[PDB]
> 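Just dropping this structure here.
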Amino acid sequence: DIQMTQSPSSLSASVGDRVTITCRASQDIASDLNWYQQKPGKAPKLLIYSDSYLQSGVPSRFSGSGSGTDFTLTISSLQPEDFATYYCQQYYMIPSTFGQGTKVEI
Amino acid sequence: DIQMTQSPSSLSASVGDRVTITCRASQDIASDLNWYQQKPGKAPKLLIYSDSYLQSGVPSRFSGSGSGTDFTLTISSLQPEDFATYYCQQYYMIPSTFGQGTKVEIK
Amino acid sequence: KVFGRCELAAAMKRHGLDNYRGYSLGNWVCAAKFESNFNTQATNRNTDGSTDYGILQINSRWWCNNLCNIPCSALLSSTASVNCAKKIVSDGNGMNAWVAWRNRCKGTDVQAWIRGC
């Protein structure tokens, strides 16, 4: 299975700050990566998929970059509603696999 | 995007019980359904892909079934390690999409 | 015309198929391999009297004569096939519209189809 390595595990930052989360893949996955935001008690909600394609309703403050084995999720101007655990998930190969998550506190 | 409708939302059960979870899809997704298990503070862990194929280390007590628009996860002889939140996720189309989850808690 | 693998990979890239509706380039190369063996002139008649045309074996039952608004001959050339495929993959079942892609390519290491080019 493809192994995803996500960092950091957790971070705390202030409103308006830039925050950066990394996801490394064990092999080339092209751009077949999902970025999820999970609030307490809720299913993971998709923010970004493929080559930094934002889901409807997601603010432009979220952007994805990277390809191959090295991916970044950047949140520009962190806002209070951004409190969540964020996850990357590859869907390049079967089965899809998750990174370990990043807990974000604001 | 494909809508996944998962039922029940929550349930409580005892060790040795059978647990049955349903996931319906808004269009035909062939066999392309994942079942994930999530424990508190941890990432979702894939249990089943292709609706019925089991990951190594997952016991045959977990049975995925169905096809098309109608899928079922049946957990037989529930064990302590099974209490968690379960999610179905289609990967028939891009983007993948999640069911809303089922919280499986101790009686 | 019989495309070479890398020749076709480059041409599909230039025609904008890389990550089109989320489908990485190798998907498209792979789908061509298993649909037409890279033969732009490939024609195969279906049971029902329709015919699948060209490099991606697009079916006249729905797509040409006509949902792509094209005669099927346009699909048998050394652009039309790419433009029609882009409509198809926006249409309903994504690349699952190509059964051979679903069975032979989906969820595999499709980057292999563009490596070494």
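The figures that follow rest on heavy atoms only: side chains count, while hydrogens, waters and symmetry mates do not. Convention: sequence-line order gives letters A, B, ...; per-chain numbering from 1.
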> Decide yes or no on side chain to side chain contact (heavy atoms under 4.5 Å, CB included) for A:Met93 and C:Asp109, but give the supporting numbers first.
CA-CA 7 Å; A:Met93 272 168 91; C:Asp109 183 29; 4.1 Å; yes

> How long is the span from the OG atom in A:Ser31 to the CG atom in C:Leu25, to the nearest 0.5 Å?
11.0 Å

> Can a donor-acceptor pair be found, under 3.5 Å and without considering hydrogens, that links the side chain of A:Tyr92 to the backbone of C:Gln111?
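Flag set: sc A:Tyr92 to bb C:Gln111 pair under 3.5 Å.
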
> Please tell me whether C:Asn19 and A:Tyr53 have a donor and an acceptor in their side chains that are separated by less than 3.5 angstrom.
no

> Do you know which two heavy atoms are closest between C:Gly22 and A:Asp32, and how far apart they sit?
O-OD1, 3.8 Å

> Taking all atoms of both residues into account, what is the closest heavy-atom pair of A:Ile94 and C:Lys106, and its distance?
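Reported closest heavy-atom pair: CD1-O, 4.0 Å.
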
